[PDB]
Amino acid sequence: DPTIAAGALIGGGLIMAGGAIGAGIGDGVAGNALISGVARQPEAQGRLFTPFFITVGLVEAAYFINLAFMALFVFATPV
Amino acid sequence: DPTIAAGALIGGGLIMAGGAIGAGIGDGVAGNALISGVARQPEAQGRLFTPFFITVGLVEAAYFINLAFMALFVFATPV
Amino acid sequence: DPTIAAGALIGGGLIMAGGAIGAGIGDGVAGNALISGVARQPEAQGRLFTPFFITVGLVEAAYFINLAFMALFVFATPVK
Amino acid sequence: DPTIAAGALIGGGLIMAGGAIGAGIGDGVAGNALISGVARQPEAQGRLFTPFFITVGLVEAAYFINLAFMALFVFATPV
Amino acid sequence: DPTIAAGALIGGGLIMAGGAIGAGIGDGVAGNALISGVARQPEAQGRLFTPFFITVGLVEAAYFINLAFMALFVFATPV
Amino acid sequence: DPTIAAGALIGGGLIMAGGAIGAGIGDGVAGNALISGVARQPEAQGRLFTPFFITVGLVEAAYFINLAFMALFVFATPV
Amino acid sequence: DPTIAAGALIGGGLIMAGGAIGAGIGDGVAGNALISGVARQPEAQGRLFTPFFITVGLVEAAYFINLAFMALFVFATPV
Amino acid sequence: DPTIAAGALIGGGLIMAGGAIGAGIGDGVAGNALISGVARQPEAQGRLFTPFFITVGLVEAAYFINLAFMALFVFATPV
Amino acid sequence: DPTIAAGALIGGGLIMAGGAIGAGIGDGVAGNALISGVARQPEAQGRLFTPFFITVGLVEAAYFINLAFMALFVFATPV
Amino acid sequence: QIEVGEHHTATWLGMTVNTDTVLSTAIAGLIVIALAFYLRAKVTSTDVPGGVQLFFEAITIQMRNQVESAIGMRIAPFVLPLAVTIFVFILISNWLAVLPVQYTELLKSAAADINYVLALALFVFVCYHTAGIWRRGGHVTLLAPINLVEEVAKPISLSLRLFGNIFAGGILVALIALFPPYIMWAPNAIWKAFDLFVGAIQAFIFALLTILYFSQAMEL
């Protein structure tokens, strides 16, 4: 068995590694356009949160789906 | 058999690592254009959500197609 | 066989990890130009879909050529 | 048993590797918009910290959630 | 023999992984300039295909050289 | 115990690998805005160093937290 | 030797993976400027090939130096 | 001994792999702003080397700290 | 001994993989600014080669320092 | 614990078929034609439209203007009814699964199995495929094999995007049931909310990419 437990920890660690790369860069890249948009015009700050939180919602969906599959590999290992 | 089970969890972990990297950055980069367009002119979002959800539908496939093959590797291992 | 089979599952996993990274970022970078364009000129949409789907076709091709070899590794393992 | 402990250290290491990649690039990409906004108009600094720290909060959450799961893998190994 | 075979599969997997990352991002970044040129002025649409396919030719040369070396590792293994 | 020692060195290697990718690219991207900001208006140098060293502070926090955990994996190995 | 032949093929795989990533993105990023120059000024084509091929020469040099070391690892394994 | 000696070389290799990715991309992204400032107005050159070498100092500090730890992981293996 | 020699080849392979990624992207991102400057105004070409070959010198230094350490992990294995 | 790709099955002409899921695509098929019955029931032309009439209209004028640019509406008016029927049938086939029947469930999105999905992939393909030869009986030959890859990749993409996306939700609604019940309702509600949105956007993408592939088949 140990082998399968080591494979689960490495496989789960890959899933959360790729999750944080997708999330941290995705939110930085989306938030760069929020900061530049508010800088471009402050009165648009209220409207710009809609395009931003749609984008952040899509980026975080990849993160929390990866969090669920890491938790499944770790706590409910499929073999 | 436990060597194949570890190879499946590491292989499936790679598939879901690259999936979340690809889509999380791709959605940040696609939403950066939406938020910048809606900063340039507010009504843009109105005709933006078609180019945006076409782009998000092309980007998210990379991750989803990967989640289908990760599930095959991990739950129903081909070898 | 198990060490070759694990090598095929890790090798196939790498092929599809690189595939989805190339696809998801390639389409995000290509679609950023589509969403910007129409944002600037709202009519150009109909003309921009040709440059867009030319680009997306090339980015999808790099992904689906990778997906094919993952199958060649996993279901038809050549050195197995 | 030490095969699991090795998998916990390689795994936990992956989680923090993907954390610093997501955080460092995400904050550099968000801060590039802050430095560019302030440079163009000095008086914008006071308003641009809200979009900036909203962005950094989302980018850092993906770091600290990865750090928390690394600590779980390494100090309290889940399998 | 099986240890060399597993090394050949992981080696060939890496070659095509770096191939698709280089190709997919290279073609997306090249095509972003094609789409931006047709977004700026349509009267350019005929001429841009020379710079575009010079770029895609260089990017896909790195992809197909990697595909050739994957095929060499997997079907004609040097050990 | 040598299996844990190899796992510690590989895990510590991943932690500092991701650390320098996050740091070097995050600071290159933040410093690009500083160089272009001082290219746009020279007298801004002083003003820019606050947005810049906030950004570099956040990027290097994600680096030195990784250095602290690499040191814990390698010199004070959890198992 | 087997273990060495597997290490040579995984190491050679890494060398050509990093080679094609650097090549494909370096060429795509360089070609984005060539395409944008010919979009902006069709009269510039004749002058822009000197800046582009110089850039592409530097991008390709790291790829072909990697190809030479992959061949050395795999055909002429040093240990 | 050989399991730890192998883990030291794989680890040290990761530290330097991430080091050169951080350094080479960080320096290219920083120098892209320097070249662009000298293209915009050349009388800025003498000032722009100050923000450039501030940026390069930070990008290279991450690389030379990684190079120091690579040596410790190998020539002086801590475990 | 062969466990160490395989670990040396995997490491040396990592060192040149991260090298070529940082080199090819660093050179592409630097050359994108040179090509853009010579597009914007042809008379800049003579002055821009100093900022360009400074930037390329720094990017390539990280590549050749990595190549020096790969040779070590390939011909003069330290442990 | 969890097992992906498990359905009731039977055989009707020597060939095997699923006994499960088929009911789910039948409820969807009944609901789309039943809604239409209501449309004809309270369809207005000189008065105030009913909720079903304004809903579909909004879809119909969306799909009509999208096809307008893809290809002359007259050149191929047959794409419009195909686009709206694809949209509404995929939309309800995704939403119907917002009815949890865990006991194992009873109401599972047909998009869960690739069969319900290779269809919208191969039917759409044979559709524009013939339109292309009906219409006419790329930029660089040096790359022309990549077109053959691209045209083989279009039905694969359509199929695997719709499959893998709704199939992810089909796994996640089982995965969350391993979480204690006194808390699991919160992530369950959050996932169901996201799966309504993604279930609609997936139908929108499949309808739009259908029109755009008809356009690429029928241009010149």
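Chains as they are written, first to last, in the numbering used here: chain A, 908 to 986; chain B, 908 to 986; chain C, 122 to 201; chain D, 908 to 986; chain E, 908 to 986; chain F, 908 to 986; chain G, 908 to 986; chain H, 908 to 986; chain I, 908 to 986; chain J, 150 to 369.
Beta carbons: idealized from backbone N, C-alpha and C, even for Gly.
Leaving aside the five residues before and after residue i along the sequence, list all residues of the same chain whose C-beta is less than 7 Å from its C-beta, in chain order.
i, result
"residue 925/D", "973"
"residue 277/J", "362, 363, 366"
Taking C-beta to C-beta, are residue i and residue j nearer than 9 Å?
i, j, result
"residue 922/I", "residue 976/I", "yes"
"residue 940/B", "residue 152/C", "yes"
"residue 966/G", "residue 935/I", "yes"
"residue 209/J", "residue 181/J", "no"
"residue 318/J", "residue 344/J", "yes"
"residue 356/J", "residue 215/J", "yes"
"residue 929/E", "residue 132/C", "no"
"residue 130/C", "residue 949/B", "no"
"residue 256/J", "residue 245/J", "yes"
"residue 912/E", "residue 176/C", "no"
"residue 323/J", "residue 333/J", "no"
"residue 182/C", "residue 299/J", "yes"
"residue 159/J", "residue 243/J", "no"
"residue 306/J", "residue 269/J", "no"
Does any CB atom of chain J fall closer than 9 Å to the CB of residue i?
i, result
"residue 964/E", "yes"
"residue 967/E", "yes"
"residue 961/B", "yes"
"residue 975/B", "yes"
Could you confirm whether any beta carbon from chain A is found closer than 9 Å to the beta carbon of residue i?
i, result
"residue 921/B", "yes"
"residue 954/B", "no"
"residue 983/D", "no"
"residue 260/J", "no"
"residue 151/J", "yes"
Does the beta carbon of residue i sit closer than 9 Å to a beta carbon anywhere in chain E?
i, result
"residue 938/B", "no"
"residue 941/G", "yes"
"residue 301/J", "no"
"residue 289/J", "yes"
Using 9 Å as the limit for Cβ to Cβ distance, is residue i near chain B?
i, result
"residue 242/J", "no"
"residue 193/C", "no"
"residue 206/J", "no"
"residue 357/J", "yes"
I'd like to know whether the C-beta of residue i is nearer than 9 Å to at least one C-beta of chain D.
i, result
"residue 986/A", "no"
"residue 924/B", "yes"
What does residue i reach in chain M if we use C-beta pairs closer than 9 Å?
i, result
"residue 946/A", "Of the protein chains in the structure, A, B, C, D, E, F, G, H, I and J, none is chain M."
Of all the CB atoms in chain F, is at least one closer than 9 Å to the CB of residue i?
i, result
"residue 972/D", "no"
To which residues of the same chain is residue i closer than 6 Å at the C-beta, ignoring the five residues directly before and after it?
i, result
"residue 957/G", "none"
"residue 274/J", "304"
"residue 199/J", "191"
"residue 237/J", "181"
Any Cβ of chain C within less than 9 Å of the Cβ of residue i?
i, result
"residue 218/J", "yes"
"residue 361/J", "yes"
"residue 365/J", "yes"
If you drop the 5 nearest sequence neighbours on each side, which residues of the same chain put their C-beta closer than 8 Å to that of residue i?
i, result
"residue 944/E", "951, 952, 955"
"residue 981/A", "915, 916, 919"
At 4 residues or longer, and completely inside the segment 194 to 276 of chain J: list those alpha helix (DSSP H) runs for me, N to C. 200 to 219, 228 to 244
Could you say if the segment 204 to 222 of chain J and the segment 256 to 270 of chain J meet the contact criterion of at least three C-beta pairs nearer than 8 Å? no
Would you list, in sequence order, the uninterrupted alpha helix (DSSP H) runs of no fewer than 4 residues that lie entirely inside the segment 915 to 942 of chain I? none
With a cut-off of 8 Å, do at least 3 Cβ pairs link the segment 265 to 274 of chain J to the segment 199 to 206 of chain J? no
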